[PDB]
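Structure first, commentary second.
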2 protein chains.
Amino acid sequence: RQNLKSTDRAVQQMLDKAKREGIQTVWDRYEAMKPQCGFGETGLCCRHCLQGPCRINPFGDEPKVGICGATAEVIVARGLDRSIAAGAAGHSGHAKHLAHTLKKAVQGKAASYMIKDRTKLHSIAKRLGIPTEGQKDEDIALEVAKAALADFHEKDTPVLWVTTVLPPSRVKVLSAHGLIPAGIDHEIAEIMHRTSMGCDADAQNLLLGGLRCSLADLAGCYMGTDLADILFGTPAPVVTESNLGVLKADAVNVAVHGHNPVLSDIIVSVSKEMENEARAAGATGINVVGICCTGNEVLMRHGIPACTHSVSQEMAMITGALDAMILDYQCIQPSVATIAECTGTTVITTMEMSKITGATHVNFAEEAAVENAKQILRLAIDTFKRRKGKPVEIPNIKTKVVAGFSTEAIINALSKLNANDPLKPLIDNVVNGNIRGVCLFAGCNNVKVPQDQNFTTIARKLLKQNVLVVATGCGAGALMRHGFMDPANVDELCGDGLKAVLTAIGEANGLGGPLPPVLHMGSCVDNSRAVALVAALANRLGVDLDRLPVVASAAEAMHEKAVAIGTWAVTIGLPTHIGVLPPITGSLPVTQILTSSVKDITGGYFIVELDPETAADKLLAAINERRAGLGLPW
Amino acid sequence: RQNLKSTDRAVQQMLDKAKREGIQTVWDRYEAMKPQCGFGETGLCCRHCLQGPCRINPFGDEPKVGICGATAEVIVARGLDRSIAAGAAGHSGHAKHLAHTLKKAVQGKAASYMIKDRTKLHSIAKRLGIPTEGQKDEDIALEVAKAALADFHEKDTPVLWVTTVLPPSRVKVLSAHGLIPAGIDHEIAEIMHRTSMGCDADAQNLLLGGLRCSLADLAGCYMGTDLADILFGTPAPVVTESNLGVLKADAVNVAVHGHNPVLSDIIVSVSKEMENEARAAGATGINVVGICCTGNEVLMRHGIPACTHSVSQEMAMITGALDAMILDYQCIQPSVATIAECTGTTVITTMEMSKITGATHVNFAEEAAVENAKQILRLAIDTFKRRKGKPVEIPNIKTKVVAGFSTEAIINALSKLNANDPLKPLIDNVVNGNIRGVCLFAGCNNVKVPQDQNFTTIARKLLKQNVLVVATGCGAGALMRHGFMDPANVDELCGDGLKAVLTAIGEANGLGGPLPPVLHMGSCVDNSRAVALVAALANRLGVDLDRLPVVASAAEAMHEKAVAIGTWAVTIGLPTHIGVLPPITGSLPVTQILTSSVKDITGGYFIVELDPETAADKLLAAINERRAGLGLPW
Ligand code: SF4
Ligand code: SF4
Ligand code: FES
Ligand code: FES
Ligand SMILES: [Fe+3]
Ligand SMILES: [Fe+3]
């Protein structure tokens with residue numbers, strides 16, 4: 001039964017096709033891996049030196065300790081810290097790329113890029129303390145780019161993409177515990193050092209370092225969103241579609257996959273100039289579709305329809321209609337390069353540090369972006385021509401998606417109810433119980449969990465209990481593909497209080513109907529937008545984030561990046577659910593820190609719960625405990 | 001039989017004591033780990049996301065590929081790259097600490113530190129291009145410290161502690177392959193990114209990134225040596241002793257253990273001012289002894305005797321006479337904190353990012369170094385008092401050690417034969433066959449190998465074949481403890497040609513006898529001194545390093561740092577032996593790159609050989625192939 005693999009009907013249909021065609025999928029590779037190693041599952045394995053591999057039995061007799069003397073506590077904490085550092089390295093590497101792109105753009109070195117959002121640029125400069133009065137925009141932008149790059153290393157200030165984005169009282173709590181990062185790449189390196197053999201060997205000390213590195217990840221996320229908004233525009237509400245039915249047999253279908261809008265944004269613009277060239281080849285046009293975060297980026301800004309996400313990404317190929325898959329980095333199953341031989345798809349890498357054996361590599365340079373995009377799209381057009389006459393099987397399955405809810409857009413929507421105190425109508429409805437609290441869904445799909453099952457099960461229970469639900473990344477992807485971003489489903493999905501608020505906001509925005517059930521706040525770096533919203537609420541209320549009825553759920557987490565995000569959610573003060581097991585259960589002391597005693601440090605805490613109906617109850621309890629702490633009914 | 005555990009008789013004696021006293025050692029923890037996991041041993045395990053753990057059978061049936069599609073090639077290369085990045089993070093973290101210390105010293109913020117080697121400071125400034133004429137030393141030093149810190153991040157120049165230390169022709173080869181690092185912490189982060197899930201998935205591309213990150217490690221090593229020489233003095237020839245017999249029952253015995261001379265150098269100086277305070281407590285004085293690299297640092301500069309190294313570090317404690325073990329970071333078995341409860345030793349950590357549960361922590365600040373050192377040494381004095389009346393068992397085993405052969409010191413010794421062309425007498429004797437070639441022994445001991453057995457077996461064979469042998473780190477430690485640094489053993493150990501050269505140099509230096517059989521070039525960062533010597537020889541000859549009859553051997557390697565060092569030795573052009581299995585054999589394509597096709601990229605290559613008599617033959621063949629390529633007899 002394909003329903004045990006994915007709850008998405010389009011994915012189920014393509015799983016049937018892959019099976020009859022003998023094309024191995026992620027689910028088949030998972031089945032072939034079972035049973036998985038219990039040492040790795042519990043975190044009780046270490047390969048940090050050539051005396052290893054070392055392992056510790058979770059229970060029973062020897063081995064009980066690593067060869068060097070490393071305890072279970074130490075081994076588990078060191079492994080977790082390296083995962084946080086790896087996640088930080090990815091989000092902040094993405095941000096660094098955008099900083100260099102902005103710098104090039106304003107220095108005259110990359111004319112395909114420009115300041116598109118001047119309002120965003122000036123507001124970021126003001127937040128950072130960079131003067132704007134009497135300065136040319138290009139000079140302000142150069143200073144912002146230089147400040148972004150300076151946050152990667154030690155200097156006379158800490159990381160400003162932490163200290164300028166959280167309220168002073170939160171920064172103070174963190175500073176008292178030594179948790180403010182000194183530099184993003186500095187912290188990543190310090191983790192790698194401290195976790196190497198014969199260094200840090202105290203679980204609490206190790207985990208404090210991990211919390212600090214998670215804040216370096218947050219800075220990378222926030223910097224990425226900031227810079228992408230300057231370069232490509234801050235999102236506003238947009239209407240599009242999702243799921244495999246957005247592919248079109250009669251078009252050149254091009255997926256943008258990976259992460260950085262420096263690549264996907266140009267593919268979108270250049271594809272429109274090439275419509276007549278695609279038509280000369282017998283297509284109707286070029287149909288750009290999204291996969292994973294770079295898909296979210298172009299969905300949020302341009303309404304490009306999302307094809308699929310995360311674990312099911314191979315299924316777009318199995319249709320037979322995917323002419324090209326254009327990749328930068330992160331979250332791309334390398335299986336795509338071999339599946340392409342069977343499906344005909346042209347898989348194209350573009351970044352020097354992210355190649356896949358068997359894929360075609362087209363170097364992308366920001367200095368030649370338009371030229372490089374045309375070379376890529378001409379490969380896609382050629383591939384379309386080669387499938388002239390082949391039947392394709394595109395499931396006729398799609399949902400309507402309203403998205404584009406940046407924090408600026410949410411504030412603007414609320415301002416239609418209260419022009420000069422936009423956050424107040426949200427707060428009023430929390431106080432009166434029409435909004436019980438807020439839950440951010442974030443993160444990936446994971447082959448261990450039937451695809452989307454945790455996201456939808458938890459979201460349904462929260463929505464019925466009047467929780468305002470926001471989402472990013474492939475959590476937003478799951479919810480969009482199951483109709484949670486279609487305002488036509490508000491009546492079915494939402495409790496009466498939440499429906500009343502979504503309707504009041506929507507009617508004030510001229511929609512004649514509500515906002516959607518779930519607000520799509522963007523890509524995974526755009527988890528930083530949720531931070532901006534929550535920090536703005538905390539500041540408006542004069543309380544810290546750990547007193548707000550706000551929770552997060554990485555319900556189906558996979559990537560090291562999702563571990564980093566969950567960790568900074570805890571660090572900034574949120575109850576944070578994770579719906580898969582991180583490799584921590586082999587140490588009860590480490591588990592106790594992450595799920596309990598960190599409350600006394602940051603006010604946040606992990607909630608590890610694999611059963612989604614139980615997870616929803618635990619998330620509601622966390623929200624309601626925060627309501628009670630504010631003196632509110634619940 | 002303790003000879004299967006260690007070839008060091010003092011270690012054997014303490015293993016007997018530990019056994020009868022029920023104190024578990026590293027060897028016992030290794031026995032309890034057997035059989036070790038074959039997936040980890042071969043590199044065929046991945047835990048880079050929460051879909052894992054993934055494994056690949058080396059041979060047979062499924063699993064054959066990771067869940068995301070990662071091949072054996074990819075998994076092996078990604079794991080290796082993360083080990084290189086971790087090694088870079090340690091050596092360069094050490095260097096960064098020294099850069100901040102020098103900066104503080106010359107800004108008036110840390111008066112226990114100063115410019116001790118003004119000649120070294122000016123020569124480093126000249127090498128970097130920093131002007132010195134008409135500048136105050138403190139201003140030159142501030143500029144050098146600032147340049148050191150700038151090499152950690154991207155800027156308008158590549159990493160100068162690579163490009164200014166290798167000859168232009170070598171830099172050109174590396175640059176053509178994209179291998180020059182852009183910034184030290186930048187490269188570490190880029191490795192962590194590219195090796196995270198769904199990123200780089202091409203073995204050759206991954207390994208090129210690893211070679212580049214290994215050059216970031218080299219820069220950290222060279223920067224560490226440079227800055228420590230400025231602050232603490234460039235080594236010159238010194239005579240001391242090694243092995244456990246350097247402990248003294250009637251003294252306060254204090255081991256300095258870990259890595260950074262910012263800590264050990266001050267412990268040495270302050271201990272002398274506290275002699276009368278130790279005597280009031282009934283001791284003869286404070287006897288500072290070394291373990292691991294920080295021991296090597298104070299041995300090289302001050303003649304502090306070395307107690308033990310690497311795998312046998314617990315044995316110093318088992319004597320019952322070790323009153324304190326003063327730690328900073330790296331290579332410290334965390335077992336020491338629990339062994340201390342049985343032996344009475346006071347284990348003291350000092351660095352915020354390297355704590356050990358159960359050890360006493362005394363924060364060390366460079367701004368208060370002397371005060372903090374006295375607090376630490378008073379704990380040691382108190383511990384001595386508590387063992388009044390307890391028998392101790394110090395093996396009466398020690399060797400004489402001549403050390404202090406910095407590259408400056410080697411050039412100066414050679415200059416007694418040829419004042420204005422000091423390298424020429426060395427080259428002349430290579431040409432005439434009195435010196436067959438040069439071999440650098442480097443790296444750790446590893447519990448899998450009977451301690452020291454590979455270092456001594458290989459060195460004996462090379463010395464008899466007239467190879468000039470230099471050593472660093474715990475390879476120098478092994479050789480010193482077995483008499484290879486005592487000039488009285490030249491007749492026994494050295495071939496006639498090598499004896500003739502060591503005698504000619506020694507007699508010209510007024511010794512009435514030879515240089516020692518092996519030249520101790522210092523700590524592990526001081527592998528950079530061997531680079532300086534080899535680069536100077538290459539420059540004098542007008543050839544690149546990959547034409548010289550110079551090889552390296554990490555004969556008993558353990559730490560991620562040793563993997564990084566071996567990798568940069570290959571990258572700079574050396575045949576590089578490793579005497580333990582790195583986790584690569586699960587991929588034949590990766591093994592073939594590292595042992596064969598990298599020759600076409602850098603001219604260097606790994607020689608993986610666990611049998612030391614065979615390794616010696618392979619190293620001699622590599623030397624002789626280089627002689628033949630220069631047209632020399634062999
Ligand atoms: S660091 Fe310690 S626990 Fe890890 S592999 Fe090495 S000896 Fe084993
Ligand atoms: S990155 Fe790929 S091979 Fe590694 S644990 Fe995740 S699914 Fe498995
Ligand atoms: S023993 Fe299986 S993850 Fe290491
Ligand atoms: S399966 Fe043993 S190292 Fe992972
Ligand atoms: Fe993502
Ligand atoms: Fe060392």
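Within each chain, counting starts at residue 1; across the structure tokens, chains are named A, B, ... in the order shown, with ligands numbered 1 upward in that order.
With only C-alpha atoms and all ligand atoms as the atoms that count, the set of residues no farther than 6 Å from ligand 2 is residues 46, 47, 48, 49, 51, 52, 53, 54, 66, 67, 68, 70 and 197 of chain B.
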As a CSV table (one decimal) with N, CA, C and O atoms, in the first residue's frame, please: every protein or nucleic acid residue near ligand 3 (cut-off 12 Å, counting only C-alpha atoms and all ligand atoms).
```csv
chain,number,residue,atom,x,y,z
A,33,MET,N,17.7,-0.7,4.0
A,33,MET,CA,18.6,-0.4,5.1
A,33,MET,C,18.1,-1.0,6.4
A,33,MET,O,18.9,-0.9,7.4
A,35,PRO,N,17.2,-3.7,9.3
A,35,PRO,CA,17.1,-2.9,10.5
A,35,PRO,C,18.3,-2.0,10.5
A,35,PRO,O,19.4,-2.4,10.2
A,36,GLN,N,18.1,-0.7,10.9
A,36,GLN,CA,19.1,0.3,11.0
A,36,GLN,C,19.9,0.1,12.3
A,36,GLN,O,19.4,-0.5,13.3
A,37,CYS,N,21.2,0.5,12.3
A,37,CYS,CA,22.0,0.3,13.5
A,37,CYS,C,21.5,1.0,14.7
A,37,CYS,O,21.3,2.2,14.7
A,38,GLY,N,21.4,0.2,15.8
A,38,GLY,CA,20.9,0.8,17.0
A,38,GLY,C,21.8,1.7,17.8
A,38,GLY,O,21.4,2.5,18.6
A,39,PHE,N,23.1,1.5,17.5
A,39,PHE,CA,24.1,2.4,18.1
A,39,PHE,C,23.9,3.8,17.5
A,39,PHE,O,23.8,4.8,18.2
A,40,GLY,N,23.9,3.9,16.2
A,40,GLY,CA,23.7,5.2,15.5
A,40,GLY,C,22.3,5.8,15.9
A,40,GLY,O,22.2,7.0,16.1
A,41,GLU,N,21.3,5.0,15.9
A,41,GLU,CA,19.9,5.5,16.2
A,41,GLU,C,19.9,6.2,17.6
A,41,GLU,O,19.2,7.2,17.7
A,42,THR,N,20.6,5.7,18.6
A,42,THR,CA,20.6,6.2,19.9
A,42,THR,C,21.7,7.3,20.2
A,42,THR,O,21.7,7.9,21.2
A,43,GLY,N,22.6,7.5,19.2
A,43,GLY,CA,23.7,8.4,19.3
A,43,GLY,C,25.0,7.8,20.0
A,43,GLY,O,25.9,8.5,20.2
A,44,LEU,N,24.9,6.5,20.3
A,44,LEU,CA,26.0,5.8,21.0
A,44,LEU,C,27.1,5.2,20.1
A,44,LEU,O,27.4,4.0,20.1
A,45,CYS,N,27.6,6.1,19.1
A,45,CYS,CA,28.7,5.7,18.3
A,45,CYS,C,29.5,7.0,18.1
A,45,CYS,O,29.0,8.1,18.0
A,46,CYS,N,30.8,6.8,18.0
A,46,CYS,CA,31.8,7.8,17.8
A,46,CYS,C,32.9,7.3,16.8
A,46,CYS,O,33.5,6.3,17.0
A,47,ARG,N,33.1,8.2,15.8
A,47,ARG,CA,34.2,8.0,14.8
A,47,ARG,C,35.1,9.2,14.8
A,47,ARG,O,35.7,9.6,13.7
A,48,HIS,N,35.3,9.9,15.9
A,48,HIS,CA,36.1,11.1,15.9
A,48,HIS,C,37.6,10.9,16.0
A,48,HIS,O,38.3,11.9,15.9
A,52,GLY,N,38.7,4.6,16.8
A,52,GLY,CA,37.4,4.1,16.6
A,52,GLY,C,37.3,3.2,15.4
A,52,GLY,O,38.3,2.8,14.7
A,53,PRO,N,36.1,2.8,15.1
A,53,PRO,CA,34.8,3.2,15.7
A,53,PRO,C,34.6,2.7,17.1
A,53,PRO,O,34.8,1.6,17.4
A,54,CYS,N,34.0,3.6,17.9
A,54,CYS,CA,33.6,3.3,19.3
A,54,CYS,C,32.1,3.3,19.3
A,54,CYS,O,31.4,4.0,18.6
A,55,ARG,N,31.6,2.4,20.2
A,55,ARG,CA,30.2,2.3,20.5
A,55,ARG,C,30.0,2.0,22.0
A,55,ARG,O,30.9,1.6,22.6
A,56,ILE,N,28.8,2.3,22.4
A,56,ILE,CA,28.4,2.0,23.8
A,56,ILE,C,27.1,1.3,23.7
A,56,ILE,O,26.1,1.7,23.1
A,57,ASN,N,26.9,0.1,24.4
A,57,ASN,CA,25.6,-0.5,24.4
A,57,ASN,C,24.6,0.4,25.2
A,57,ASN,O,24.9,0.8,26.3
A,58,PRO,N,23.5,0.6,24.6
A,58,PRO,CA,22.5,1.4,25.4
A,58,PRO,C,22.2,0.7,26.8
A,58,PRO,O,22.1,1.4,27.8
A,63,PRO,N,30.7,-2.9,25.5
A,63,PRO,CA,31.4,-1.7,25.9
A,63,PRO,C,30.4,-0.7,26.6
A,63,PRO,O,29.2,-0.5,26.2
A,66,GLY,N,33.8,4.9,25.6
A,66,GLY,CA,34.7,5.0,24.5
A,66,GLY,C,36.1,4.7,24.8
A,66,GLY,O,36.5,4.7,26.0
A,75,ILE,N,29.8,11.5,24.1
A,75,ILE,CA,29.6,11.1,22.7
A,75,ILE,C,28.3,11.6,22.1
A,75,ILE,O,28.3,12.2,21.0
A,76,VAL,N,27.2,11.5,22.8
A,76,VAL,CA,25.9,12.0,22.3
A,76,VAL,C,26.0,13.5,22.1
A,76,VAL,O,25.6,14.1,21.1
A,79,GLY,N,28.3,14.5,19.0
A,79,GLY,CA,27.6,14.2,17.7
A,79,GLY,C,26.5,15.3,17.4
A,79,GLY,O,26.4,15.8,16.3
A,583,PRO,N,19.5,11.7,17.6
A,583,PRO,CA,20.4,10.6,18.2
A,583,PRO,C,20.8,11.0,19.6
A,583,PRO,O,22.0,11.2,19.8
B,33,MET,N,36.0,-3.0,23.5
B,33,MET,CA,35.4,-2.5,22.3
B,33,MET,C,35.4,-3.6,21.1
B,33,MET,O,34.7,-3.4,20.1
B,34,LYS,N,36.2,-4.6,21.3
B,34,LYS,CA,36.4,-5.5,20.2
B,34,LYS,C,35.3,-6.5,20.2
B,34,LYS,O,34.8,-7.0,21.2
B,35,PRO,N,34.8,-7.0,19.0
B,35,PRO,CA,35.3,-6.5,17.6
B,35,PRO,C,34.6,-5.2,17.3
B,35,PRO,O,33.4,-5.0,17.6
B,36,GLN,N,35.4,-4.3,16.7
B,36,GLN,CA,34.9,-3.0,16.3
B,36,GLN,C,34.0,-3.1,15.1
B,36,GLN,O,34.1,-4.0,14.3
B,37,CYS,N,33.1,-2.1,14.9
B,37,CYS,CA,32.2,-2.1,13.8
B,37,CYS,C,32.9,-2.1,12.4
B,37,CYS,O,33.7,-1.1,12.2
B,38,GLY,N,32.6,-3.0,11.5
B,38,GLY,CA,33.2,-3.1,10.2
B,38,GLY,C,32.8,-2.0,9.3
B,38,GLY,O,33.5,-1.7,8.3
B,39,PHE,N,31.5,-1.5,9.5
B,39,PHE,CA,31.1,-0.4,8.7
B,39,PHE,C,31.9,0.9,9.0
B,39,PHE,O,32.4,1.5,8.1
B,40,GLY,N,32.0,1.2,10.3
B,40,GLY,CA,32.8,2.3,10.6
B,40,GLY,C,34.3,2.2,10.2
B,40,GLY,O,34.9,3.1,9.8
B,41,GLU,N,34.9,0.9,10.4
B,41,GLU,CA,36.3,0.7,10.1
B,41,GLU,C,36.6,1.0,8.6
B,41,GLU,O,37.7,1.5,8.3
B,42,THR,N,35.6,0.7,7.7
B,42,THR,CA,35.8,0.9,6.3
B,42,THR,C,35.3,2.2,5.7
B,42,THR,O,35.5,2.5,4.6
B,43,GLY,N,34.7,3.0,6.6
B,43,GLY,CA,34.1,4.3,6.2
B,43,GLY,C,32.7,4.2,5.7
B,43,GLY,O,32.1,5.2,5.2
B,44,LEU,N,32.1,3.0,5.6
B,44,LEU,CA,30.8,2.8,5.0
B,44,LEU,C,29.6,3.0,6.0
B,44,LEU,O,28.8,2.1,6.2
B,45,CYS,N,29.6,4.1,6.7
B,45,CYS,CA,28.5,4.5,7.6
B,45,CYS,C,28.4,6.0,7.4
B,45,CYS,O,29.3,6.8,7.3
B,46,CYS,N,27.1,6.4,7.4
B,46,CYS,CA,26.8,7.9,7.4
B,46,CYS,C,25.6,8.2,8.4
B,46,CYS,O,24.6,7.5,8.4
B,47,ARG,N,25.8,9.2,9.1
B,47,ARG,CA,24.9,9.8,10.1
B,47,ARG,C,24.6,11.2,9.8
B,47,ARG,O,24.4,12.0,10.8
B,48,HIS,N,24.7,11.7,8.6
B,48,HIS,CA,24.6,13.1,8.3
B,48,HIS,C,23.2,13.6,8.2
B,48,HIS,O,23.0,14.8,8.0
B,49,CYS,N,22.2,12.7,8.4
B,49,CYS,CA,20.8,13.2,8.5
B,49,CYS,C,20.0,12.2,9.4
B,49,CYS,O,20.5,11.1,9.7
B,50,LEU,N,18.8,12.6,9.8
B,50,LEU,CA,18.0,11.9,10.7
B,50,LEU,C,17.2,10.8,10.0
B,50,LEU,O,16.4,10.1,10.6
B,52,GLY,N,19.2,8.5,8.7
B,52,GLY,CA,20.1,7.5,9.1
B,52,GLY,C,19.9,6.9,10.4
B,52,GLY,O,18.9,7.2,11.1
B,53,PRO,N,20.8,6.1,10.9
B,53,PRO,CA,22.1,5.8,10.3
B,53,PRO,C,22.0,4.9,9.1
B,53,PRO,O,21.2,4.0,9.0
B,54,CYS,N,22.8,5.2,8.1
B,54,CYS,CA,22.9,4.5,6.9
B,54,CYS,C,24.3,3.7,6.9
B,54,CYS,O,25.3,4.2,7.4
B,55,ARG,N,24.3,2.6,6.2
B,55,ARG,CA,25.5,1.8,6.0
B,55,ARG,C,25.5,1.1,4.7
B,55,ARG,O,24.4,1.0,4.1
B,56,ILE,N,26.6,0.7,4.2
B,56,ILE,CA,26.8,0.0,3.0
B,56,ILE,C,27.6,-1.3,3.3
B,56,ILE,O,28.7,-1.1,3.9
```
Going by DSSP on the backbone, which residues of range 454-552 of chain B come out as strand (DSSP E or B)? List them as a list in words.
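Of range 454-552 of chain B, the ones in strand (DSSP E or B) are residues 468, 469, 470, 471, 472, 518, 519, 520, 521, 522, 550, 551 and 552 of chain B.
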Selection to disk with C-alpha atoms, as a CSV table (one decimal), in the first residue's frame:
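Produced file out_3.csv, reproduced below:
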```csv
chain,number,residue,atom,x,y,z
B,468,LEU,CA,68.0,11.9,7.6
B,469,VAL,CA,65.1,11.5,10.0
B,470,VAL,CA,63.2,14.5,11.6
B,471,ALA,CA,60.3,14.2,13.9
B,472,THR,CA,57.5,16.1,15.6
B,518,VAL,CA,66.8,12.0,14.8
B,519,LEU,CA,66.2,15.8,14.8
B,520,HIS,CA,63.3,16.9,16.9
B,521,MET,CA,61.6,19.7,15.1
B,522,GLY,CA,58.9,20.2,17.8
B,550,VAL,CA,61.5,13.8,1.1
B,551,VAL,CA,58.7,11.7,2.6
B,552,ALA,CA,56.5,11.7,5.7
```
Measuring between only C-alpha atoms, which one of B:32, B:316, B:179, B:531 shows the shortest distance to chain A?
B:32
Set the distance at 6 Å and use only C-alpha atoms: which residues neighbour residue 323 in chain B once local chain neighbours fewer than 2 positions away are removed? I'd like the list as a VMD selection string.
chain B and resid 253 to 254 321 345 380 383 to 384
Write out as number ranges by chain the residues lying within 9 Å of residue 356 in chain A, counting only C-alpha atoms and excluding same-chain residues fewer than 6 positions away.
A: 334, 336-337, 348-349; B: 199-203, 205
I want to know what sits within 6 Å of range 112-123 of chain B, based on only C-alpha atoms, with residues of the same chain fewer than 6 positions away left out; could you give that as an NGL selection string?
:B and (105 or 230-233)
Would you give me, as JSON lines, each residue of chain B having an atom within 6 Å of an atom of ligand 6, along with its shortest atom pair and that distance in Å to one decimal, using only C-alpha atoms and all ligand atoms and sorting by chain and residue number?
```
{"residue": "B:292", "atom": "CA", "partner": "ligand 6", "partner_atom_place_in_ligand_line": "1 (Fe)", "distance": 5.8}
{"residue": "B:293", "atom": "CA", "partner": "ligand 6", "partner_atom_place_in_ligand_line": "1 (Fe)", "distance": 4.4}
{"residue": "B:473", "atom": "CA", "partner": "ligand 6", "partner_atom_place_in_ligand_line": "1 (Fe)", "distance": 5.7}
{"residue": "B:524", "atom": "CA", "partner": "ligand 6", "partner_atom_place_in_ligand_line": "1 (Fe)", "distance": 5.0}
```
Can you tell me which residues surround residue 100 in chain B at a distance of at most 12 Å, considering only C-alpha atoms, apart from same-chain residues fewer than 6 positions away, and format the answer as a list in words?
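Answer for this query is residues 154 and 155 of chain A; 93, 94, 106, 107, 109, 110, 113, 141, 142, 143, 144, 145, 146, 147, 148, 149, 150, 224, 227, 228, 231, 262, 365, 366 and 367 of chain B.
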By how many Å are CA of residue 387 in chain A and CA of residue 275 in chain A apart?
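Computed distance, CA of residue 387 in chain A to CA of residue 275 in chain A, equals 18.4 Å.
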What residues of the protein or nucleic acid chains come within 12 Å of ligand 5 when you use only C-alpha atoms and all ligand atoms? Reply as a VMD selection string.
(chain A and resid 87 90 to 91 94 221 257 to 261 290 to 297 309 to 311 328 to 332 442 to 445 472 to 477 522 to 527 557 to 562 565) or (chain B and resid 197 to 199)
Ranking B:164, B:456, B:434, B:83 by minimum distance to ligand 1 and counting only C-alpha atoms and all ligand atoms, which one comes first?
B:83
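Coordinates place CA of residue 217 in chain B at a distance of 28.3 Å from CA of residue 71 in chain A.
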Report, in Å to a single decimal, how far apart CA of residue 543 in chain B and CA of residue 569 in chain B are.
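CA of residue 569 in chain B sits 16.9 Å away from CA of residue 543 in chain B.
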